[PDB]
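Peer 1: Structure for this input, please:
(4 chains)
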There are 4 protein chains.
Amino acid sequence: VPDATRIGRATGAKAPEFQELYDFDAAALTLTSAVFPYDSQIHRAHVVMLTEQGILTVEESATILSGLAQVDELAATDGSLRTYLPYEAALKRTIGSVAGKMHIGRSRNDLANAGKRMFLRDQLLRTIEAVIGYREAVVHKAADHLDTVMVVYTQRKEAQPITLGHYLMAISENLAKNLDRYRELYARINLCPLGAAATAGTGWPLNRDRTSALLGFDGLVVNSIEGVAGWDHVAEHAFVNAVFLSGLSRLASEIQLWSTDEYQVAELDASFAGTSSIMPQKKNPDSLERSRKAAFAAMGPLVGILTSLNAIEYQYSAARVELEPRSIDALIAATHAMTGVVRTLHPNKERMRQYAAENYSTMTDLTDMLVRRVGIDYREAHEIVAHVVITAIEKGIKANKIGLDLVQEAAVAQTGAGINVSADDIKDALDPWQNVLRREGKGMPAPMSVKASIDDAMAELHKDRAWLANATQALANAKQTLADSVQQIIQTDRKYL
Amino acid sequence: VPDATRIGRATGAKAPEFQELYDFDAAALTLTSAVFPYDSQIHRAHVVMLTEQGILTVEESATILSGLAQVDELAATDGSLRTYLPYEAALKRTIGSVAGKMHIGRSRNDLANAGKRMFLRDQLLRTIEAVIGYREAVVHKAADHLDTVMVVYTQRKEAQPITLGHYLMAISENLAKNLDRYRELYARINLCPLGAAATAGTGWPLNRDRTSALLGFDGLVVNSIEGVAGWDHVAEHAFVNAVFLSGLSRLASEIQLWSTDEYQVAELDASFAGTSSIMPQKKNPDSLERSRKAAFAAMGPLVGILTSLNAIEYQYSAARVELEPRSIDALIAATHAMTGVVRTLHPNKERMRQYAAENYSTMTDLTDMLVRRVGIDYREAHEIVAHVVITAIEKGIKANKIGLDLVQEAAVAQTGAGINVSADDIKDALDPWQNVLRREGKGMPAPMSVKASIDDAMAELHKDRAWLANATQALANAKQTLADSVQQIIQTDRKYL
Amino acid sequence: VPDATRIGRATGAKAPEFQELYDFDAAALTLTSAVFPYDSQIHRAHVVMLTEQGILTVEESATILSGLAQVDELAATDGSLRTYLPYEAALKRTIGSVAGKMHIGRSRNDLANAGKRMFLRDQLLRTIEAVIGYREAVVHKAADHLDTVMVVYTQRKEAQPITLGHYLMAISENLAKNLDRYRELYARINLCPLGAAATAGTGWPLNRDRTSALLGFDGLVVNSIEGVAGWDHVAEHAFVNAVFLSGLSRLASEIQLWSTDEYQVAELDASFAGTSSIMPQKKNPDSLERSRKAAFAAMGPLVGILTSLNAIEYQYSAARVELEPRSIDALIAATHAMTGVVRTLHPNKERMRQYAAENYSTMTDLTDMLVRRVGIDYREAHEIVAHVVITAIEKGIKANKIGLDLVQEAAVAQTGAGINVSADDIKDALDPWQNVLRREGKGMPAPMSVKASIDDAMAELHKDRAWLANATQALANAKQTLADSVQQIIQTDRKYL
Amino acid sequence: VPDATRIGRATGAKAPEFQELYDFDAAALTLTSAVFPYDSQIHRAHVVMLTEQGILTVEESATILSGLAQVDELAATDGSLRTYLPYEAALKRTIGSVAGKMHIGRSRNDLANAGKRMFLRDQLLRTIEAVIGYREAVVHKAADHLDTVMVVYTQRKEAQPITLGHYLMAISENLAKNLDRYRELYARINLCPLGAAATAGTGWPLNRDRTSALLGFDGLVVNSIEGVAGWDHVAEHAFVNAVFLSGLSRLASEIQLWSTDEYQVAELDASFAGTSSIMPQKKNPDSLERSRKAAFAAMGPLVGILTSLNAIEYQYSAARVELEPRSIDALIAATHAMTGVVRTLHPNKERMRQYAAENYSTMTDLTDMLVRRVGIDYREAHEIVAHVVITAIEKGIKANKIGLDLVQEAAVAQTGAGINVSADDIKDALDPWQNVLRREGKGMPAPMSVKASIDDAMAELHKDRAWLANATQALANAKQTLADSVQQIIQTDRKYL
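Peer 2: Numbers count the residues shown, from 1 in each chain, chains lettered A, B, ... in the order given. Coordinates below:
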C-alpha cells in the first residue's frame, strides 16, 4: 500500500526525518513506562549497596536480584507492575517475604526522583546528539555557500547583502550556546538523590556514593530535602527545550518566507514538502509548520512545571508537573526534520543575486561611500541616499541602474550642493558582491570571514562530540559495572551457599 | 506623619526590606530610561574606537565626546532625548554636523542590543549579590538551629523528625545551584554585539575587540546576525528569575504554614507582618504573600519573551518582548524581604519538639527497628506499625506513649505472631531527638551532618563572593579605562590642536 | 490480585473517582483517533448534501456511503486509515474511482476544523456534565452543614466564624459562573465551518446550512477564511479549563490544609487517601495533590495555543497547537475526584467549634460592639481590641475566657479612659455561633442566609441540567436524522436502480 | 524641535495612533493610582448607605463626606494617601475621630475587590470602544475593495483568488466574537462584592443592593467569600485581551508579509512606517511589529494571574497577580494603531491581480472544471492538474498562458487518455476574477456575497454601539445619582442642623 499523501507535487517518499513528525505522538510512552526500566536499575544498585553494607545477606540479595529479572519480564506485558508498590508485591509473589527488604532505607520519593533523573539524563544525551546533528548540517551547508550572495532581512525588509553561509553560521553560533545550556543542565541532572529516603535520610548505614556511582551519576544531591523536593532541573530542562526550539522556529519561519511564491529565493526539497488535497499547485511547507508547532507546544511543559513549583512548599509533592516523554519526542522529531530541511534546501542562487542587486540593499554602501569620499557626516549622507531611493522608486530605476546623474540630483535637491564622487565609486558601492567583500571583519559575510568562523565551528563541533562521547561512555561503564556486581552476587550465592 | 499601617499587632516600623515590596513598583524606570546611561557609554567607547581606527580625526572626536557630556545632562530632565535619533539630533544642535559621524559603522540594532546587555549585566550582578545575601541569612540561621528538633513535611503531612538547620540547608543547596545558573547566564550576557551594525557588519575597519573591552565585555557575539537577532540570553535571564523565585515562593509558603494559627511552630517578626483594617487579631503574613506574588509575576516576562521569539524569523525585530526593570526590581525586593524573614524568624522550639514527639513522625524508626531486631521484611514491619498508629489514634494515645503492649497487639492482630522486641527498643525508636541523631549520613539532619554541610556552604559562599567581586571589579576597571581614554582625547585636542 | 497500594492506613479500595486520576493518562486517545469518528460523520453529511444538490448521482452516493461503513470498520484496527488521504485512498480500493468525488467542494482544512469542533463539542458537554456533578456534590454537602461552625481564613490566618455550608456555597457561585463560561464557549464552538473548503469557498453549489444542520451545529462560521483560520474557540476552551481548574486547585488546597496534622478540622475519606511506602503513619492527600497537578498542567495547552496564534498570519496553518484529548481527560478525572472528596469529606465538628471559640476570630464582633454601644469610631475600637488580643496571648487567655477586666485594662492602657460595656455584651460578642447568626445579610454565613442561596443554587442547577439536556438531545436528533438520510439513499439505490 | 525619527522615507509626522505605541509605557499609572479615584467613590457610596441605614448620623455623614473631598485633593499630589489606611488616617487629621466610622462593616478586602472591578469596568468599556473602532475601520475598508482581486494564502503559500473585502470581513467576524467575549466578561465584572467585609459579611445591617446601585453595578457578588476571594474575572479579562490581540498580531503579520519587498501587494501609509538610522532604503513596519509585541506581552499577565490562583486556597490573598493599567494601555495603543494601519493601507491592485492570474492559484477551478465536464473523480482530476502545474513551471508558462495542448499532455501523461474539454472552458477556469465570481455562497469572496456580510456587519456594529452606549450611560447615571446623594447630605446638615 503506497503513501496516499505522496501525490501531485509531493513526489517521492516523505524523508524519514519528515515522517518522524507524524509518528512520535502515537508512539510516545507514558512517563511511567519510560521511567520504569531505570527504576529497575535502581532496585539492583540499591540492593547491591545494601548487600555491601551488610544490611542484606548474600542469600537474600541473590534471591531479590533474581526476582527482579523475572518481574521485569512480567512487566514487559503487564503495565500494572510498572509503579513501585505493585512491582514490590509481584516480587513478593515471586520469591516471597524477602522481597520487602529491597526497600530498606528507601522511599518512593527518592526512587522516583532518581529514576526520572536517569530518564531525563538519557533523553538529554539524546537531545545533545540531535542538536549536534542539527549544527553539523547547518555548518556543512554553510561551507558550500560562501559565494551565495543574498540579502539579509531585518523587520522582514531587505537590509544588506550577505551570503547563505553567513546566515547559517548565525544559527551555528545560536546552537553552540544552546549546547552549553544543555551541558550545564546535564551537570545538575546527573546528581543522585538516592539515600534521601522519604526526605530526611535514614538510620540504616547506606553508602550513598556507592549507589550513585553504580547508577552513573557524577555526584550526589547532598541534602535529603533537596533530594526529594528538588525539581528546578525539570523546569530548566523544559526551558532549554523551549528556548532552543524557539530558535528552530525562527529558522523554519525564515526558510518558509524564503520559499514563498513571492520570495522564491529557496525551495524545500520535495521530500520535505506536502501537497493539498484540493489545490493541485500547492507545494506546502508541512515540515516547517509542524516543526514550529512543536516549538510552540514546548511552552506548555515549561509553564506547567513552574506553576506547580510556585504552588507548593519546599517538599516532596505529588502535585508537581512532569516533563513527559511525548514532549521530548516532539523536540527530537522537529530537530531531525530541520536537520533534513537544512541539508537538502535548494537555494535559487540567481534570484538571490537579483534581489541583492536591484532592491536597494546596497544603499548603506552608497551612504558610507559619500562619507569616506567627501567627508560629510553620516546623517546628511543618509538623507541624500534616502532621496535617491525615493526618486529611483518613483522612476522605476532598479538599484543597480542608479548612476551619477541621480546621485547628483538628490544631493542638490536635499542640500543645494552637488557632491564630489565619480561614476566608478557609485558603481563599486552598488555592486552587491563588493558589499559582501568589504564586510570582512569578525562575524561578517565576506568569504574569508565566514570560512574563519566555520573552522572555529569545526573545532567546536569536535569538542561537542567529545563531550558527548565521554558522557555516553561513562554511563555505559557504570551500567556494565552494575550488571557485573549483580551477576557476582547471583553466582556467589549459587556456588558457596 | 506616622506609618498608618503600623497599628494593632503590627508594632514598630516595617522592616526596610519589607518596605521595598511596596516601593519598587512606583519607582521603577522604563527600559528606555534604565538603558540610556549605557547607550551613552557605548557612544563614548564607539567614538574612541573610531578615533583609534582613524575614522574620526582627533578634533572631530573631542567635539563629539564633549557634546555627549552636554546632551547627557540635558537628557537627565528631557526624557525625549533618551532614544537614539532624538539624542543624535540634539547633539547636532549642540556641536553641529560632526555629530552625525558618531554613528559610522553602527546601527540602532547593535547599539540597543549592547546597551540592554550592559543593563542586564549590572542587574545580573545586582541579583547575584541579593541571592548571596539570601543564602548567607539562610546559612547563618541554620548554624544557630542544629538542635531545633522539628518535623519535616511531605505532601503537607508530618513525615519524619529533622531540625531547622537541616531544613535551611536544603534552601542553601537550592540557592547554590541558582547561583550557578546566574553565573552561567552571565557568561552569555557579557558578550559584545557591537560591530554587527544593522545585522551584517560594515566596510568601515572597526576594531570590535576594542569597543568590547572598553565597555566591560569578556568577549564578542561574533556573527553579526546573532549580534542583533540574538535574544536567548533575555529569555534565559527571565527563566532563572522565574525558577529561582519559585523556590523562594516555596519557602515563603513553607514559613506561612509554619506560622498559621494551627501550626504555631514559627512566628514572623513583627517588622515583617501587617494587621487587618477590620480584624484586630490578625498578624498577617503580608511579606510572604507579596513575595510570592512577585514569584508568580515572573512567569509573565518569561512567557512573553519566548512567545515573541517563536513568532519571528532569525532577524532583528522590534516585536521582541523585553525584560523590564520593574520585573527585576520585584525580584530584588522579594529576595531582600525573604532575607529579612529568614534572619528574624522566631521558631517556637517547644511546640516543634512537641509535634515531633506526639504526632507519629517517629513511626519509620519504629518500623526500621522491627526489621533490625527480629529481621522481618520491611513491608510486613510497615503493616504492623500502621496498625499501631491506627489503634493509637482510635485510643487517643500520643506517639510517645506507645508501649510494648500496643506493639504486641498490632503484631498479633496483623500476623497472629508476637514480636521479639523490648520496651527500651520501642522507647529509643519513639524518641524524636534520636531519630535525628541516627540520620547522620550525608545530607541528613544529625547535627554533625548538618554542621558538615554548613562548613561546605561557608566555603562555597566565599567563592560566590569572590566571583562577584572579580566580576564587579572588572566592569569598574573598564569603565575607568573608558573614562580615561575619553579625557585623553579631550585634553589632546585642547593642547596640541 | 489485590491493589498493592491499599495498605496501612489506606484501607478499602480506591474510590472509583480517585482511580480515574491514575488511569486517564495511559488510556487517552491521540487527537487523530478521537476526531476520526466525527470526520466520518462529516463524510456522510457532506455526501448526503452533495446528493441533495445534484452534484452526486444517487448511485454514486450510495456506493460511497456504503464504502464509508466498510472503511470505518477497517480503521477500527488500522490506525493508518484515520487521516483523510489514507482514508480516501482505502475507500477507492474498496469501491473504486467514485470514492474521489466525496471531496468535491471540500478540503482537509474545513474538514479538520469541523471535525475538531465536533470533538470539542461533545467534550464540552462532557465537561459541563462533570462540572454540574461537581456543583451538586458541593451544594448537597452545604445543605447538611448549616450548623457546622468553623472559621474562615484570609491570608491563611483565622479570620471570622462561618459555617461549612457558607464556605461551600462560595464554591457553588464560582462553579455557576464557570458553567456560564462553558455555555458561552459552546455557542462559538457549535458553529459549522464546512463549505469554506480550502479557505475561499467553491464554485460547487453547496448548501452549507444543510451540512451544518445534519452535523448538529446551531449555525455557520460564515466567512470562509474564518472557517479555516479561526482558532480562538480552541484557545478559549483551553482557558476556561485553566480558570475552572484553578478554582478546583484552590478548594483542594483549602481541604489539604484543613486535613493537615496541625489543623485537624477535616479528614479525607479513606477511599480518597493513600499511604506511604516507608512512613506507616501517613494518610496522604494523593487525591488533592494529583487533582491540583491537573490544574497546573492545564496552563500548558492554553499557553501553547495562544503562542501558536501569535506566531502566524490569519490563515489556515499546520503550526497551530491543538487541545488534546489527554488534557480534557485530566480535567474530567480531577473534577470527578473532587466531586468525591467533597461528598465524602469528614468535618471534625468539635475541633471546628473549638478553633472558632478560642483563637480570636470573634474579635471583630468585640470591636463592632464597642462601636455600637459607646459610639467610638472603628479605628479606636479596633486599637483597643488589638491590645486585648496582645495581652490575652501574653497571658495565655483563650478568646472565650476574655472578660470585662481585660477589656477595661486595654481601653485604659490605650486611651486612658474606661469603656462603658457589660460582661454580657462581651459574652455575646465572643460567642462564635452568635457571630454567625448576626451575619445574616445576603451571602453571609447565618443558616437562613445560606439556606436562601442553597435554594437559589437548586433552581440554578435545574436550569443547568435543562440546558445540558436540550443541547445533548439536539445533537442526538441531528445524528439520528443523518443516519436516516444515509439509509434513505442506500435503500433508494437498492430498490429503484 | 522636530521629530528626529521622521527622516528619509519616514515622511510627515507619525500618525497619532502610531505615536500611542511609544507613549503609553512611560505614561501608565500604577494600579494603586488608577484604582484610587474609584475607592473614593466607594467611600462616598458606602457612607451614604451607612447614613440611610441609620449607622451614621447625618452630622457624622456630612463631616466625613466633606473630608473625602479635601483628602481627595491632597492625594492628587501626595501619592502616599492613595492606599486605604494612610487615606483614613489623613481623613482623621482633617475632620477628627469620626473619620474612623467610614469603615464600619467594611474591609480593605471588599473595598479593593470593588475598586479594582470599577477600574476594570471602565477599562473594559474603553476596550470595547477601541475594538468597535477597529471593526469599523475593517468593515469600512472592506466596502471599498469588493473588486480588489488578490490571492488568499494558506500555510504562507498562494491558495485561491479572493478580494481584499473578503479578507477583511474575516477579521470583522473575528472581532464580532471578541466583542461577545468582552460583553460576556462585562456581566461578571459588573457585580458588586461590597458588603462581604473581610470575607464573611458583618452584623451591621448594610443594604448591599443600595451600595451596589450607587456604584453602577448591575448586581451583587452574593456569597461573601466569593466577594473577596473571587478573581476569575481578572484572569478572564487577561485572557480575552490575549486572544483578541493574537488575532490582531495575525493581521499585522499578514499585512507585514503583504508589504515585504518581495510581495509588494500592499504598502503601509508613510505615517505608519519608520526608517533605519543606517539603511536609507528602509521603509520599516514599526507599527506592525510594535503592535505584535503588545500582543505577545499580553501572554504575561494572563499566565501570572492563573499561576497565582493555582497557588492559593479559596481565600482573600495578597499573593494574587493583578491586571495592571500598563497592560491595558498597551492593548489600546496597538488596537488604535492597527485601526489606523487598516484605514490607510495602500493595496497595490495591479500586482494583486497579477499574482492571482499568473501564480497558479486558479488550478482548483481548472480541477473542478474537469470534474464538472468529463465527470472524473476529484482525486484523478487533481492528479492531472498537478502535472499541468509541474510541467508549466518547468517550461516557464505562467498560469494564465496554460492552454489546451498542455492540459491534454498532462491527462495523457497521467492517464493515457485525453480529456474532453474546450479551450474556452480552460480560459474560464484560469480567469481569476471568474474564480471570485463563482465563489458566491455564504461567506465567499464574490462581491454580492461580501456585500451581503458587510450589510450584516453594519447591523451588528449598530448593536455593538448601542450596547456600549447603554452601558456607558448606566454608569454615568449612577455616578450622577451618587454625587446628588452626597450633596444632599452635605446640604441637609448645613441647613437643618
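
Peer 1: need the strands for the stretch 301-450 of chain A, in chain order.
Peer 2: Along the stretch 301-450 of chain A, counting by DSSP state E, counting those that start in this stretch, strands occupy A:346-347.

Peer 1: what number of residues lie near the closest residue in space to residue A:4 that isn't next to it in sequence?
Peer 2: In space, and not counting its chain neighbours, residue A:4 is closest to residue C:89: 3.7 Å by C-beta to C-beta, 6 or more residues apart in numbering or on different chains. Every C-beta, even on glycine, is put in place using the N, C-alpha and C of the backbone. Per other C-beta atoms under 10 Å in any protein chain shown, the neighbour tally for residue C:89 reads 21.

Peer 1: Past the host helix or strand of residue C:89, which element shows up next along the chain?
Peer 2: Under the criterion of DSSP states H and E, residue C:89 resides in helix C:84-95. Using DSSP H and E, the helix or strand that follows helix C:84-95 in sequence is helix C:108-143.

Peer 1: List the buried residues in that next one.
Peer 2: With burial defined by 16 or more other C-beta atoms under 10 Å in any protein chain shown, the residues of helix C:108-143 counted as buried are C:108-121, C:123-125, C:127-139, C:141-143.

Peer 1: between that helix and helix C:84-95, how many degrees?
Peer 2: Going by axes from the mean of the first three to the mean of the last three C-alpha atoms, to 10 degrees, helix C:108-143 is angled at 110 degrees with respect to helix C:84-95.

Peer 1: Which elements pack onto helix C:108-143?
Peer 2: In terms of contacts (3 or more C-beta pairs under 8 Å, 6 or more residues apart in numbering or on different chains; DSSP states H and E), helix C:108-143 is packed against helix C:31-52, helix C:84-95, helix C:164-189, helix C:224-229, helix C:232-258, helix C:325-344, helix C:447-496.

Peer 1: which of those helices sits most buried?
Peer 2: helix C:224-229 (a mean of 30; mean count of other C-beta atoms under 10 Å in any protein chain shown).

Peer 1: Which strands and helices lie in contact with that one?
Peer 2: If you count contacts as 3+ C-beta pairs under 8 Å, 6+ apart, helix C:224-229 packs onto helix C:108-143, helix D:164-189.

Peer 1: give me the number of residues near residue A:293?
Peer 2: Count around residue A:293 with other C-beta under 10 Å applied: 25.

Peer 1: separation between it and residue B:304?
Peer 2: 20 Å (C-beta to C-beta, to the nearest Å).

Peer 1: Kindly report the same for residue A:279.
Peer 2: Distance, residue A:279 to residue B:304, using C-beta to C-beta: 36 Å.

Peer 1: What are the phi and psi values at residue A:201?
Peer 2: When quoted as degrees, to the nearest 10, the phi and psi of residue A:201 stand at phi 80, psi -150.

Peer 1: Over to the one 4 residues further on?
Peer 2: In terms of degrees, to the nearest 10, the main-chain angles of residue A:205 are phi -80, psi 70.

Peer 1: Quick check: chain neighbours aside, which residue is closest to it?
Peer 2: Nearest in space to residue A:205, with sequence neighbours left out and distances taken as C-beta to C-beta, 6+ apart, is residue A:53 at 5.7 Å.

Peer 1: Verify the contact between that neighbour and residue A:209 for me.
Peer 2: No - if you go by C-beta atoms under 8 Å, residue A:53 and residue A:209 don't touch, sitting 11.8 Å apart.

Peer 1: what are the C-alpha coordinates of stretch A:145-153, in PDB please?
Peer 2: The C-alpha coordinates for stretch A:145-153 follow below in PDB (Å, rounded to 0.1, in the frame of the first residue of the first chain):
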ATOM      1  CA  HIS A 145      27.600  28.600   0.100                       C
ATOM      2  CA  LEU A 146      30.400  31.100   0.800                       C
ATOM      3  CA  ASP A 147      29.600  32.600  -2.600                       C
ATOM      4  CA  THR A 148      25.800  32.500  -2.500                       C
ATOM      5  CA  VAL A 149      25.100  36.300  -2.400                       C
ATOM      6  CA  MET A 150      21.700  37.100  -0.900                       C
ATOM      7  CA  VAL A 151      20.100  39.800   1.200                       C
ATOM      8  CA  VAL A 152      19.700  39.500   4.900                       C
ATOM      9  CA  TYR A 153      16.500  40.900   6.400                       C
END
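
Peer 1: Residue C:303 versus the residue in chain A that chain C sits nearest to, what's the distance?
Peer 2: Of all residues in chain A, the one sitting closest to chain C is residue A:300 (2.8 Å; C-beta to the nearest C-beta). According to C-beta to C-beta, residue A:300 and residue C:303 sit 6 Å apart.

Peer 1: do residue A:288 as well
Peer 2: 22 Å.

Peer 1: which parts of the stretch 201-350 of chain A sit against chain C?
Peer 2: Within the stretch 201-350 of chain A, the positions adjacent to chain C are A:249, A:253, A:276-279, A:284, A:286, A:289-290, A:292-293, A:296-297, A:299-301, A:303-304, A:307-308, A:311, A:317-321 by C-beta under 8 Å from any C-beta of the partner chain.

Peer 1: Of the residues you listed, just the buried ones, PyMOL syntax please.
Peer 2: Selection of buried members from these for PyMOL, criterion 16+ other C-beta under 10 Å:
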select buried, chain A and resi 249+253+276+277+278+279+284+286+289+290+292+293+296+297+299+300+301+303+304+307+308+311+317+318+319+320+321
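
Peer 1: That concludes my questions; thank you for your assistance.
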